[PDB]
């Protein structure tokens, strides 16, 4: 149960959106995370270049 | 419409410690036990220190 909850949360944060055909021939889908939608306001703080 | 997934599991970790024996002793001659001293009873003073 702990693993299930942690997986759901992490997927809702870092997931990506895609669709594909499964092994049985049926659609398989993945949901896009919060970072997938936020693209305008991203910042990487650090001392190195970039 | 896929089937149910396989299972997985894990185990805890173990910790240990030991017991130790402590000893402290005091000794006095029987002659010194009878002698009177200004400071006080020598036998009683030693037990406090030990």
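Chains as they are written, first to last, in the authors' numbering: chain Q, 201 to 250; chain R, 151 to 200. Even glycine gets a Cβ: it sits at the ideal position worked out from N, Cα and C.
When Cβ-Cβ separations below 9 Å define contact, residue 219 of chain Q makes no contact with chain R. Distance from the CA atom of residue 230 of chain Q to the CA atom of residue 164 of chain R, rounded to whole angstroms, is 39 Å. At a cut-off of 9 Å between beta carbons, residue 175 of chain R makes no contact with chain Q. In terms of Cα proximity to residue 213 of chain Q, the closest of Q:242, Q:221 and Q:236 is Q:236.
Residue 152 of chain R places its beta carbon 9 Å or farther from that of residue 215 of chain Q.
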